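Here the protein sequences line up with chains A, B, C, D, E, F and G, keeping their order. Numbered per PDB author numbering, the first sequence spans residues 254 to 310. Numbered per PDB author numbering, the second sequence spans residues 122 to 257. Numbered per PDB author numbering, the third sequence spans residues 1 to 70. Numbered per PDB author numbering, the fourth sequence spans residues 12 to 389. Numbered per PDB author numbering, the fifth sequence spans residues 148 to 257. Numbered per PDB author numbering, the sixth sequence spans residues 323 to 505. Numbered per PDB author numbering, the seventh sequence spans residues 313 to 422. The block underneath contains the structure these notes are about, expressed in structure tokens.
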Amino acid sequence: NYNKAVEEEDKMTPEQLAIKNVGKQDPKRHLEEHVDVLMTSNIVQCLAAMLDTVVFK
Amino acid sequence: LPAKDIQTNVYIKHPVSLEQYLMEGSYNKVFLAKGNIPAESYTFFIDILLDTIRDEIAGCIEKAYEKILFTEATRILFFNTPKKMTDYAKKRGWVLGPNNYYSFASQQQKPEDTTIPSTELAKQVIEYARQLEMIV
Amino acid sequence: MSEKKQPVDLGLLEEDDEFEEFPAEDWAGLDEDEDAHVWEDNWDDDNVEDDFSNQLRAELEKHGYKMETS
Amino acid sequence: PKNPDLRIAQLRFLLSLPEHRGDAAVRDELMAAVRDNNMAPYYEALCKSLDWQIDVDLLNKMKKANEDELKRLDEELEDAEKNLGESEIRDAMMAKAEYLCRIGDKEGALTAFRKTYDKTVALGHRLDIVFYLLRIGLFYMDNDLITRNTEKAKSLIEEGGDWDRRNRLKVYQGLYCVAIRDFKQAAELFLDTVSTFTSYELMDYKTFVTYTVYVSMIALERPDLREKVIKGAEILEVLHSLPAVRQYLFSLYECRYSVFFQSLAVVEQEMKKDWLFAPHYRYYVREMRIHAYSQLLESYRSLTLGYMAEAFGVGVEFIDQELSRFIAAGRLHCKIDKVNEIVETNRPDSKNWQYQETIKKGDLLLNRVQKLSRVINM
Amino acid sequence: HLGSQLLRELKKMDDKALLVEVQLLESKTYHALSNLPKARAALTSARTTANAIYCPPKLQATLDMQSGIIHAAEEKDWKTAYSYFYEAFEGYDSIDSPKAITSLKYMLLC
Amino acid sequence: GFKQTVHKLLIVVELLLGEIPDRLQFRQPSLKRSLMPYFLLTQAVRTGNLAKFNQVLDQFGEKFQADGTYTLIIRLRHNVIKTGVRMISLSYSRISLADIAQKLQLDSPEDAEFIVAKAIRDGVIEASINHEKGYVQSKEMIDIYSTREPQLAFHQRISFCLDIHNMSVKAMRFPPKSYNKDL
Amino acid sequence: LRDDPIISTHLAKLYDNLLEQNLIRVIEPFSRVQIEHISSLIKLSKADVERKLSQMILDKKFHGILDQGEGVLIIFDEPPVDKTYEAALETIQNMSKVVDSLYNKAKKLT
């Protein structure tokens, strides 16, 4: 919901990026927060092998 | 080979028609067309070809996914000479029931215990931490 | 290389030299009813259309006679 | 134009292809030929008409009356010119363009509506000129020429939607959206039928309802009908005009095929022989049949041939090839089996397929990021 | 259509009590055509028109009698509609036997 | 102008499997004119009429059969019945001796089960060969892997998709290095 | 009841309402049961009951599906609805992102 809540603005970003291309006015990066979201999402991947070990032996 | 050299002789179109019938697999048309070959002396070689493809035709018709009855093998198979039921009893090595051909070991494999694919999934996770975090 | 497209375009010039604006107008007789229409649906509508072009095109008027006979 | 010559000259489709109904269309076409300067239209379509015995009689009078009224509009245009005024010249050139739409020549009406299109002091009269090109674009069945002036005249209105101007533009959206096969976005256009009225310019109100009952009856499912039309009182008002529509709505919503197939022949014959609705007659039939088969097959998992044959009132030999063609061609549900001569489907389209609906966008997005890899370094 | 043409010459003229019959029957024919918004609009117009003029119980009770059917058509609240049929029964009381038996029939219905 | 060859041969080798996707999402007036002579036969593949379409091919066939050696079309002339019997595999299970045999232009008991068995030995379909009273049945279970060994089903899908998307992650890591290399 | 007013549809709504109460009364505890063992209590035919039931499954008021050859009743549900919606919306919204990226790069290159 936060990812889509940022993508709704990222739909409007290519217009400004398609108009000015000079200077940065928004202090939000929209990148590192999504990287952190991916880091929190990788817990499923890292613990899937843990469930594989608990189920195996 | 279609170099348009003659294109009207039966021997020029014979291998492509026999190979196209091989793609169809219909053996009745070949057996009924056995007497259609002229006095050309390669009819015995055509019989050698039938002798080297009868193992594949008979092997494919005797695949026996579930079961097949002898009353179809009487017509599909060759003459009453018991060469197929003798050689195939020592080649296939199956059970002979009351005038019927039984099919075993068909979809009888037991599924996996899900233990080994979980271990290879753990190795895949190791490769995911590797490739996702290697340069870092 | 982009240089091998020239003989293929020459073959297209030969196909265009076979019939001079004959398939553009003759096929345009149906394209005027197909223009601006989604061509993705024209594959199914043309599939069933050409499939029923031989026989039983409509078949809806015949069901009223097929009710008592079948 | 907005005159009845649009409809009278619009009956030329049923005048052309069938030879049975080509008597009344040429009756009111020849009788109406003395109206709205119909000389050039029926002279162009004279190949689909009678001989030249009586044809050359009135051509000498119409060709001189055309030049008389034309030179009177030219003299009036010269009297309106060289004088201070804006709407007077717009009315002179606009009336000349309306007469040039009566004769059916879009060359002098193209440059005329171009001149008065350039003399538009406001955007409202500009959209009026656009509509003046749409009323003849319906007869000319052009595709891009009627969407260019509406694509340019669509943006920057800023004067609010009127009761008949914006509603009329929405009616045009119903026209070109009925021409095209777009339905899921055309199902919202006829929602303003409360403000619609009898418009003799393009289509009567009963013809607008008769035309929207197909896109609404077929292009909508049961919740869409119950929400839009069944809850609305408009179809409850206009169902009393013709008792057939009520049968095609309550019988379809009631899932009674025994009467819907007996009465479907009227939809088959009425579906064709129309100006803009004929060439699409193949899509409505198949789409409605597969829509009804998905409707009945939705709430039914297994189906015997007895209840199906008695429900539809047709032989099993026809539904055999029906479902046989709708497994691969239709692609409505899972594979069907006849081991027990009973229609039995599974439809595992929710649990795993609900997650598998995104694998198509995953593969197309995979090819698109492969193109993204092609953009790398070149 | 003819009733609308009658409204065009009745809304301008005097005798507003005559408009209650044609707007009431207008709600009756829009209800017969199953039209809720226009029957509620004509009903409200008949209320704001007949609010000052003391109408006889033949026409005054018919407003609530039709109002209970209009409200009972959407099944919003049966208490208010039951009040419309109750006051309608109080209006049609002892004036007509069929109207009374259909008034109590409407009470037992709603 | 050049993709009409890879697309032409593409659909020519795609119609061999019985499912022929036509031109749907591409609108250009080159593949249309290129496909105009081939459209009647590529639409005639699915219906699968032997005697009529056999004459239709050589009737107006000039360029697609004048392309050389007529190899894949001379294989198609007998592949029509294989795509048709594959449509029968996409059809109901029970095979009749008159209705569907007469429908397939092949009315004989031996070659029916013989050629259908030649379609079974391919391995692309699934059937249950059983003989109880003489009729040939089939289970024709084409149910997808939904709730049927899913982990082993899309396991390689997850591994392969993560490999392609992960080398795409490399393809979004390295070009930034090729960006910051000069500065 | 032949001269009954338009409220006959409301009376049929009461009939179908009590029918709905009976259906949600006896079917709800019966996951899979015979159609004649459960229809014998109401001693009515399976035609109108089957049509109303299947109509209400087409209306999606509850979880269930009918049958004609075997008469087997199956009730199931799919709780995780909010996963495929958000995922599909992320795919559709990201399609415009990648396409716009190809528009900026296609614009800057060719």
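In this text, a Cβ means the ideal position worked out from N, Cα and C, and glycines have one as well.
| said: Among the candidates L25/D, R192/D and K382/D, whose CA atom is the shortest distance from the CA of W286/D? | reply: Position 275 of the fourth sequence, counting from 1, holds the residue named residue 286/D. Ranking the options by Cα distance to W286/D, first place goes to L25/D.
| message | So if I threshold CB-CB distances at 7 Å, which residues from the stretch 440-460 of chain F count as touching chain D? | response | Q459
| task | Give the single residue among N416/G, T422/G, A400/G and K409/G whose Cα lies nearest to the Cα of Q365/D. | result | Numbered from 1 along the fourth sequence, position 354 holds the residue referred to as residue 365/D. Of the listed residues, the one whose Cα sits closest to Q365/D is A400/G.
| query | Where does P12/D land, buried or exposed, given buried means 16+ other C-beta within 10 angstroms? | reply | Taking the fourth sequence and counting its residues from 1, the one referred to as residue 12/D is at position 1. So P12/D ends up on the buried side.
| Simplified DSSP assignment, three categories, for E80/D | If you number the fourth sequence from 1, residue 80/D lands on position 69. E80/D falls in the helix class under three-state DSSP.
| message | Please return the same chain residues whose Cβ sits closer than 6 Å to the Cβ of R358/D, not counting the five positions on each side in sequence. | response | The residue given as residue 358/D occupies position 347 in the fourth sequence. Only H344 and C345 meet the Cβ criterion.
| query | Using 8 Å as the limit for Cβ to Cβ distance, is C112/D near chain F? | reply | Numbered from 1 along the fourth sequence, position 101 holds the residue referred to as residue 112/D. False, the Cβ-Cβ gap to chain F never drops below 8 Å.
| request: Flag this pair as yes or no: are the beta carbons of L183/E and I216/E separated by less than 8 Å? | output: Residue mapping note: residue 183/E aligns to position 36 of the fifth sequence, counting from 1. Residue mapping note: residue 216/E aligns to position 69 of the fifth sequence, counting from 1. Contact flag unset, no.
| Over what stretch of residues does the alpha helix (DSSP H) that includes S239/B continue unbroken? | The residue labelled residue 239/B in the question sits at position 118 within the second sequence. Looking at the DSSP string, the run of the alpha helix (DSSP H) that includes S239/B is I237 to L253.
| Mind listing which residues of the stretch 353-375 of chain D have their C-beta closer than 8 Å to chain G's C-betas, in chain order? | The stretch 353-375 of chain D vs chain G, Cβ under 8 Å: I353, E355, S361, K362, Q365, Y366, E368, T369, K372 and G373.
| query | Is it the case that the Cβ atoms of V458/F and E435/F are separated by a distance below 8 Å? | reply | Stepping through the sixth sequence from its first residue, residue 458/F is reached at position 136. Stepping through the sixth sequence from its first residue, residue 435/F is reached at position 113. Yes, the pair counts as a contact, with Cβ atoms nearer than the cut-off.
| task | Can you tell me the Cβ-Cβ gap for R146/D and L17/D, rounded? I've got them flagged as a contact below 8 Å. | result | Residue numbering aside, residue 146/D sits at position 135 when the fourth sequence is read from its first letter. Residue numbering aside, residue 17/D sits at position 6 when the fourth sequence is read from its first letter. About 6 Å separates the two Cβ atoms, so the contact holds.
| task | Determine the chain A residues that contact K395/G at a beta-carbon separation under 9 Å, and present them in chain order. | result | Here residue 395/G refers to the residue found at position 83 when the seventh sequence is read from its first residue. Result: empty, since nearest Cβ-Cβ is about 12 Å, beyond 9 Å.
| query | Is the Cβ-Cβ distance between residue 333/A and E332/G less than 8 Å? | reply | Because chain A spans 254 through 310 in this model, residue 333/A falls outside it and cannot be assessed.
| Roughly how many whole angstroms lie between the Cα atoms of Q170/E and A228/E? | On the fifth sequence, residue 170/E is found 23 positions in, with the first residue counted as 1. On the fifth sequence, residue 228/E is found 81 positions in, with the first residue counted as 1. One alpha carbon belongs to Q170/E, the other to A228/E, and they sit about 20 Å apart.
| Which term fits residue 11/D, buried or exposed, when burial requires 16 or more other beta carbons within 10 angstroms of its beta carbon? | Nothing about residue 11/D can be reported from this structure: the residues present for chain D run from 12 to 389 only.
| Could you give the C-beta distance for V325/D and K4/C, rounded to a whole number, given that I count them as a contact under 8 Å? | Taking the fourth sequence and counting its residues from 1, one reaches residue 325/D at position 314. Taking the third sequence and counting its residues from 1, one reaches residue 4/C at position 4. Not really, about 57 Å apart at Cβ, beyond 8 Å.
| By how many angstroms is the C-alpha of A185/B removed from the C-alpha of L13/C? | Taking the first residue of the third sequence as 1, we reach residue 13/C at position 13. Taking the first residue of the second sequence as 1, we reach residue 185/B at position 64. Taking the CA atoms as reference points, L13/C sits about 56 Å from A185/B.
| said: Give me the chain G residues within the contact set of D263/A, using Cβ-Cβ distance strictly less than 7 Å, ordered along the chain. | reply: Along the first sequence, one-based indexing puts residue 263/A at 10. Here the neighbours are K409.
| said: For a cutoff of 8 Å on Cβ pairs, would you count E260/A as touching chain G? | reply: Working through the first sequence from its first residue, we reach residue 260/A at position 7. Yes, contact with chain G.
| request: Would you check if the distance between the CB atom of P29/D and the CB atom of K284/D is smaller than 8 Å? | output: As a first step, residue 29/D must be located in the fourth sequence, where it is residue number 18. As a first step, residue 284/D must be located in the fourth sequence, where it is residue number 273. In contact: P29/D and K284/D (Cβ atoms closer than 8 Å).
| query | Three-state secondary structure (DSSP) at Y311/D? | reply | For the purposes of this step, residue 311/D is identified with residue 300 of the fourth sequence, where counting begins at 1. Three-state DSSP puts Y311/D in a strand.
| Quick one: does the C-beta of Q347/F sit closer than 7 Å to a heavy atom of the ligand HEM? | Looking for the ligand HEM in the displayed structure turns up nothing, as the structure carries no ligands at all.
| query | Would a check of beta-carbon distances place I386/G closer than 8 Å to chain E? | reply | As a first step, residue 386/G must be located in the seventh sequence, where it is residue number 74. It does not; no Cβ of chain E falls within 8 Å.
| query | Nearest CA to the CA of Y209/B: which residue from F165/B, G180/B and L190/B? | reply | Mapped onto the second sequence, residue 209/B falls at position 88. Among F165/B, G180/B and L190/B, the Cα nearest to that of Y209/B belongs to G180/B.
| query | DSSP state of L28/D, grouped into three classes? | reply | Within the fourth sequence, residue 28/D is the residue found at index 17, counting from 1. The answer is coil: DSSP assigns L28/D none of H, G, I, E or B.
| Looking only at DSSP bridge pairs, what is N221/B linked to? | Locating residue 221/B in the second sequence gives position 100, counting from the first residue. Answer is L190/B, bridged to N221/B.
| query | Exposed or buried, which one is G370/F when buried takes at least 16 other CB atoms within 10 Å? | reply | Position 48 of the sixth sequence, counting from 1, holds the residue named residue 370/F. It is buried - the Cβ of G370/F has at least 16 other Cβ atoms within 10 Å.
| said: Suppose the cutoff is 8 Å on Cβ atoms and the five residues either side in sequence are ignored; what does the same chain contact list for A247/E look like? | reply: Here residue 247/E refers to the residue found at position 100 of the fifth sequence. For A247/E, where only same-chain residues beyond five positions count, the Cβ hits under 8 Å are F236, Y239, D240 and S241.
| field | Extent of the continuous alpha helix (DSSP H) run through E432/F | value | Locating residue 432/F in the sixth sequence gives position 110, where the first residue counts as 1. Where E432/F is concerned, the enclosing alpha helix (DSSP H) stretches over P431 to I442.
| Three CB pairs or more closer than 8 Å across the stretch 58-65 of chain D and the stretch 310-329 of chain D | no
| field | Helix, strand or coil at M152/D according to DSSP, with G and I counted as helix | value | On the fourth sequence, position 141 is the one that residue 152/D refers to. Three-state DSSP puts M152/D in coil, outside helix and strand.
| query | Which word fits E173/E, buried or exposed, when buried means at least 16 other C-beta atoms lie within 10 angstroms of its C-beta? | reply | On the fifth sequence, position 26 is the one that residue 173/E refers to. Burial call: buried.
| field | Reduced DSSP category for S210/D - H, G, I as helix; E, B as strand; rest coil | value | The residue labelled residue 210/D in the question sits at position 199 within the fourth sequence. Strand.
| request: Report the residue from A189/E, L251/E, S214/E and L166/E whose alpha carbon sits nearest the alpha carbon of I200/E. | output: Stepping through the fifth sequence from its first residue, residue 200/E is reached at position 53. Nearest C-alpha to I200/E: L166/E.
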